[PDB]
Structures are given as structure tokens and as C-alpha cells.
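**Student:**
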Amino acid sequence: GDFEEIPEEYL
Amino acid sequence: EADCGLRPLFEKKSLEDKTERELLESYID
Amino acid sequence: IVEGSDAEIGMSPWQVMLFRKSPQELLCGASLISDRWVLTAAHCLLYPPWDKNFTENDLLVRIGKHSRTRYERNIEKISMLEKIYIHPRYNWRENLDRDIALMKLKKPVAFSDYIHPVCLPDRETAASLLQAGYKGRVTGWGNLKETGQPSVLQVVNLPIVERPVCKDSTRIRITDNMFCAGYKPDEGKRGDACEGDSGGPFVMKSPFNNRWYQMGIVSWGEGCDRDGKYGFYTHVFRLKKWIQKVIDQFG
Ligand SMILES: NC(=[NH2+])c1ccc(CNC(=O)[C@@H]2CCCN2C(=O)[C@H](N)Cc2ccccc2)cc1
Ligand code: NA
Ligand code: NA
Numbered sequence: 054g055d056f057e058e059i060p061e062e063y064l
Numbered sequence: 333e334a335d336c337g338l339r340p341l342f343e344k345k346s347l348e349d350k351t352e353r354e355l356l357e358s359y360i361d
Numbered sequence: 364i365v366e367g368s369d370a371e372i373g374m375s376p377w378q379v380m381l382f383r384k385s386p387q388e389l390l391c392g393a394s395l396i397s398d399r400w401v402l403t404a405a406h407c408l409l410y411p412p413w414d415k416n417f418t419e420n421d422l423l424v425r426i427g428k429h430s431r432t433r434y435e436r437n438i439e440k441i442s443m444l445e446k447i448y449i450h451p452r453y454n455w456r457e458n459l460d461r462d463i464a465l466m467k468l469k470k471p472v473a474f475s476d477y478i479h480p481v482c483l484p485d486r487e488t489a490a491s492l493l494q495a496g497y498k499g500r501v502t503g504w505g506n507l508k509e510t518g519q520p521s522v523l524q525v526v527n528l529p530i531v532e533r534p535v536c537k538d539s540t541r542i543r544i545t546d547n548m549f550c551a552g553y554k555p556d557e558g559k560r561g562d563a564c565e566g567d568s569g570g571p572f573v574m575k576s577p578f579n580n581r582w583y584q585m586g587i588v589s590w591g592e593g594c595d596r597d598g599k600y601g602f603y604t605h606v607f608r609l610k611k612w613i614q615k616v617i618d619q620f621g
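So the protein lines, in turn, are chains H, P and Z.
For the first sequence, full-length UniProt numbering begins at 54 and goes up steadily by one.
For the second sequence, full-length UniProt numbering begins at 333 and goes up steadily by one.
FYI, the numbering for the third sequence is 364 to 510, 518 to 621, going by full-length UniProt numbering.
(1) Mark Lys537/Z as exposed unless 16 or more other C-beta atoms lie within 10 angstroms of its C-beta, in which case mark it buried.
(2) Considering only residues of the same chain and omitting the five flanking positions on each side of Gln584/Z, which have a CB-CB separation below 8 Å?
(3) DSSP has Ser394/Z in a bridge; who is on the other side?
(4) Is it the case that the CB of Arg533/Z approaches a heavy atom of ligand 2 more closely than 7 Å?
(5) Measure the alpha-carbon distance for residue 511/Z versus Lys599/Z and round it to whole angstroms.
(6) Of all residues in the structure, which have a C-beta closer than 6 Å to any heavy atom of ligand 2, taken in chain order?
(7) Give me the chain H residues within the contact set of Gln387/Z, using Cβ-Cβ distance strictly less than 8 Å, ordered along the chain.
(8) Could you give the DSSP three-state label for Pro571/Z: helix, strand or coil?
(9) Using a Cβ-Cβ cut-off of less than 8 Å, list which residues of the region 599-613 of chain Z approach chain P; keep chain order.
(10) Taking Cβ positions, are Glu592/Z and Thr540/Z nearer each other than 8 Å?
(11) Does DSSP classify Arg543/Z as helix, strand or coil?
(12) Measuring only the C-alpha atoms, how far is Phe56/H from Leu381/Z?
(13) If we define contact as Cβ-Cβ less than 8 Å, is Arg581/Z a contact residue for chain P?
(14) Listed by chain order, which residues have C-beta atoms less than 5 Å from any heavy atom of ligand 3?
(15) Can you give me the start and stop residues for the beta strand (DSSP E) that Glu487/Z sits inside?
(16) Considering only DSSP beta bridges, list what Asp562/Z is partnered with.
(17) For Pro411/Z and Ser589/Z, I'd like the C-alpha separation in whole angstroms.
(18) Looking at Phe342/P and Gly601/Z, is the spacing between their C-beta atoms short of 8 Å?
(19) Quick check on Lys384/Z - is its C-beta less than 8 Å from some C-beta in chain A?
(20) Give me whichever residues DSSP pairs with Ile447/Z in a beta bridge.
(21) Can you grab the Cα-Cα spacing for the pair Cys336/P / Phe474/Z, in whole Å?
(22) Quick one: what does DSSP say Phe607/Z is sitting in, helix, strand or coil?
(23) Counting only beta-carbon separations shorter than 8 Å, does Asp361/P have a partner in chain Z?
(24) Using the Cα positions of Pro534/Z and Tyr63/H, report the straight-line distance between them to the nearest angstrom.
(25) So, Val379/Z versus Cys564/Z, is the Cβ gap smaller than 8 Å?
(26) Evaluate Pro520/Z with the Cβ neighbour count: other Cβ atoms within 10 Å of its Cβ, from every protein chain shown; 16 or more gives buried, anything less gives exposed.
Right, here's the structure in full:
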């Protein structure tokens with residue numbers, strides 16, 4: 054829940 | 333890898349981390 | 364990691380974080396063993412008593428990290444999984460015997476000051492270092508207590531324990547594919563891996579060639595840092611023939 058979001062390119 | 337296990341920020345520039353000597357001292361004598 | 368300390372930058376450049384795609388969370392630790400192969404614990408990927416069975420598309424590998432939750436722009440590298448390989452005789456039904464899995468990445472990761480593979484032991488280094496009393500180092504972003519969540523990667527050095535003391539500390543059946551580490555209650559010092567540290571490396575620095583070798587994988591424990599209990603680690607050297615077969619057959 055506390056994770057900063059990763060660049061969308063990786064999902 | 334030929335270079336495996338050699339850390340760029342420690343072994344590769346001959347720097348030691350703060351607690352690796354604790355391991356060395358345990359490999360007795 | 365319980366009773367450990369914050370890592371220095373670049374101290375464990377083979378440390379890998381296994382990350383769940385949705386909900387976005389830490390799943391496990393792991394280690395980099397080449398530019399395309401990552402080593403972890405099988406229970407990180409498959410554990411039917413807990414309804415755990417991840418597939419490649421469920422996960423990401425994050426390499427070069429220090430901060431647990433932050434996206435470390437220009438430092439970490441995030442990689443997709445090509446394929447997972449679990450030991451065919453991994454014993455999830457009983458005692459996590461042969462708790463080891465490999466992951467191949469879709470593309471090779473770029474090495475850097477923060478990203479660098481660890482060595483796997485050959486028979487002689489293992490014979491020389493895997494001795495009661497000799498200390499290794501375990502790293503991870505798992506729980507700080509049995510019952518957070520650290521801000522950054524944690525590290526703790528722990529001595530290997532004699533196999534009879536390992537055996538006498540638990541009712542679980544121990545095998546030659548496992549070893550245990552930790553301080554005894556009369557030794558004063560403490561420390562242990564814990565939930566979330568699963569799959570991360572137990573490493574030792576060889577005094578012969580000053581290289582770091584991965585001797586264990588964080589596997590299991592009863593509670594964390596309890597007196598008279600020890601952490602159990604997969605014995606990497608004993609399962610190395612499987613490791614090499616996979617990489618030799620699949621690249
Ligand atoms: N060093 C430690 N204190 C420690 C503790 C826990 C973990 C994470 N590993 C686990 O949580 C594993 C997953 C299956 C149950 N489990 C456990 O560690 C169980 N608590 C003990 C157990 C039960 C059945 C078979 C083998 C071991 C990793 C390290
Ligand atoms: Na026992
Ligand atoms: Na203990």
C-alpha cells in the first residue's frame with residue numbers, strides 16, 4: 054500500500 | 333561471471349564495508 | 364530482518380526485490396547471478412497451503428534497490444520475467460526441502476555501481492566456508508519484528531550453527547539441503563531473517579579470493595529472532611547441479 058508507483062511502461 | 337562477487341563500490345575500488353571484517357574474523361584461524 | 368542495520372549504498376548489489384504487479388507490493392527477496400538469471404526460494408513462487416502459485420506475468424524483478432518503497436529513478440532497473448523454473452523435487456508438502464527456484468529475465472540487465480552479480484560456490488569454497496561458527500550475511504526488506519517494514523535494505527551477519535543444534539531446535543525434519551544460522555541464547559547478540567526476507571541471499575566473503583559467494587537462500591523459521599530458534603537456509607551448493615542444468619539447457 055505504501056509503494057511509490059512505477060513507470061507505467063513496466064506494467 | 334568472471335567478475336562475480338566483486339562489488340563496484342567496495343572490492344573494485346579497494347574499499348571495505350563497515351562489518352565485513354566481522355565475517356573475516358569468524359573464518360578461523 | 365530483525366536486529367540488523369541499514370545497508371550501505373552498493374553493499375549488496377546482487378540484491379533483487381520480487382515485486383507483485385497488482386496489488387503493488389513486495390513479494391520476496393532474490394539474487395542476481397548473471398545478467399539474465401535471478402535466484403530465489405521456491406516458496407516465494409509456489410506454496411499451495413497458502414494458495415500461492417505465481418506465474419511469470421504476475422511479477423517484476425527490481426534490481427539495484429536500496430529504499431523499500433521508493434521508485435529509485437536512474438538507479439534501480441525493473442525487469443520482466445521470461446520464465447520461472449522451480450526445483451522438480453521442491454517439497455512444499457512437508458518441510459520446504461530443496462526450496463530453490465530460478466527466473467530468467469526477458470532481457471539482460473545492465474550492470475552498474477548498484478547492480479552486480481554474486482558468485483555461486485564450487486565444492487571447495489563451500490567445504491571451506493560452510494562451517495559452524497563462520498559468519499555469513501543476510502539482507503532484505505522484510506519485517507523488522509516477528510509481530518515494520520524498514521525504510522531501506524537491512525543487513526545482519528549471523529554464524530552458521532552446528533547441524534545437531536539446528537535439529538534439536540525444531541520439530542520439523544531437517545535435510546542436507548538446508549543449513550541453519552543465528553546466535554545461541556547464551557551468545558548475547560541476536561538477529562534473524564523474517565517474513566518478507568524469503569528468497570534473499572545468505573552470502574560469505576571468501577578470504578581466499580575476496581569474492582562474495584551465495585551459500586544460502588532465506589527459506590524458513592519459527593517466529594523471528596526467538597531465543598533457541600534459528601533461521602533455515604537453502605544449501606545452494608548442494609542444489610548447484612540442478613542450477614547448472616537449468617541454465618545450460620535454457621540459457
Ligand atoms: N529466519 C526466519 N525466522 C524466517 C521465517 C520465515 C520465513 C518465510 N518462510 C516461511 O514463512 C515458510 C513458508 C512456509 C511456512 N514457512 C515457515 O517458515 C514456517 N513458519 C515453518 C515451516 C512450516 C512448514 C514447512 C517448513 C517450515 C523466512 C525466514
Ligand atoms: Na528436532
Ligand atoms: Na534465535
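Every residue, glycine too, gets a C-beta built ideally from N, C-alpha and C.
**Tutor:** From the atom records:
(1) Position 167 of the third sequence, counted from the first residue, corresponds to residue 537/Z. Looking at its Cβ environment, which holds fewer than 16 other Cβ atoms inside 10 Å, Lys537/Z is exposed.
(2) For this step, residue 584/Z is matched to residue 214 along the third sequence. A distance below 8 Å between beta-carbons, with the five flanking residues on each side excluded, links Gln584/Z to the following residues of its chain, in chain order: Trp377, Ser394, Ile396, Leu402, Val481, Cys482, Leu483, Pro484, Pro571, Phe572, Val573, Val606.
(3) Along the third sequence, one-based indexing puts residue 394/Z at 31. Per DSSP, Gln378/Z, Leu402/Z.
(4) Reading the third sequence from its first residue, position 163 is the one you call residue 533/Z. Outside the cutoff, so no.
(5) Not modelled: residue 511/Z, which lies between 510 and 518, the two residues flanking a gap in chain Z.
(6) Contact residues of ligand 2 (beta-carbon closer than 6 Å to any heavy atom; chain order) are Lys537/Z, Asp538/Z, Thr540/Z, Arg541/Z.
(7) The residue labelled residue 387/Z in the question sits at position 24 within the third sequence. Within 8 Å Cβ-Cβ: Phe56, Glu58, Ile59.
(8) If you number the third sequence from 1, residue 571/Z lands on position 201. In this structure, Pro571/Z counts as strand in the three-state DSSP scheme.
(9) Listed in sequence order: no entries.
(10) Taking the third sequence and counting its residues from 1, one reaches residue 592/Z at position 222. Taking the third sequence and counting its residues from 1, one reaches residue 540/Z at position 170. In this structure, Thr540/Z lies closer than 8 Å to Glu592/Z by Cβ.
(11) If you number the third sequence from 1, residue 543/Z lands on position 173. DSSP, read as helix, strand or coil, puts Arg543/Z in coil.
(12) For the purposes of this step, residue 56/H is taken as residue 3 along the first sequence, with counting starting at 1. For the purposes of this step, residue 381/Z is taken as residue 18 along the third sequence, with counting starting at 1. Going by the C-alpha atoms only, they are around 13 Å apart.
(13) Along the third sequence, one-based indexing puts residue 581/Z at 211. At a cut-off of 8 Å between C-beta atoms, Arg581/Z counts as an interface residue with respect to chain P.
(14) The set of residues whose C-beta lies within less than 5 Å of a heavy atom of ligand 3 reads, in chain order, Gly552/Z, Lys599/Z.
(15) The residue you call residue 487/Z lines up with position 124 of the third sequence. Counting along the chain, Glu487/Z falls outside any beta strand (DSSP E), though it belongs to the alpha helix (DSSP H) covering 486-492.
(16) Translated into positions along the third sequence, residue 562/Z becomes position 192. As DSSP reads the structure, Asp562/Z sits in a beta bridge with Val365/Z.
(17) Working through the third sequence from its first residue, we reach residue 411/Z at position 48. Working through the third sequence from its first residue, we reach residue 589/Z at position 219. Taking the straight line from one Cα to the other gives about 16 Å.
(18) For the purposes of this step, residue 601/Z is identified with residue 231 of the third sequence, where counting begins at 1. For the purposes of this step, residue 342/P is identified with residue 10 of the second sequence, where counting begins at 1. For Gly601/Z and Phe342/P, no; Cβs fall outside 8 Å.
(19) Absent from the structure: chain A. Protein chains present are H, P and Z.
(20) Counting from 1 along the third sequence, the entry for residue 447/Z is found at position 84. Bridge partners of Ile447/Z: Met466/Z.
(21) Within the second sequence, the letter at position 4 stands for residue 336/P. Within the third sequence, the letter at position 111 stands for residue 474/Z. If I take the Cα positions, the gap works out to 11 Å.
(22) Locating residue 607/Z in the third sequence gives position 237, counting from the first residue. The answer is helix: DSSP assigns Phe607/Z an H, G or I state.
(23) The residue you call residue 361/P lines up with position 29 of the second sequence. Closer than 8 Å: no.
(24) Numbered from its first residue, the third sequence carries residue 534/Z at position 164. Numbered from its first residue, the first sequence carries residue 63/H at position 10. Between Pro534/Z and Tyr63/H, the alpha-carbon positions lie close to 47 Å from each other.
(25) Locating residue 379/Z in the third sequence gives position 16, where the first residue counts as 1. Locating residue 564/Z in the third sequence gives position 194, where the first residue counts as 1. Their beta carbons are not under 8 Å apart, which means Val379/Z does not touch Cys564/Z by this criterion.
(26) Residue numbering aside, residue 520/Z sits at position 150 when the third sequence is read from its first letter. Taking all protein chains shown into account, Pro520/Z has 16 or more neighbouring C-beta atoms within 10 Å of its C-beta and is therefore buried.
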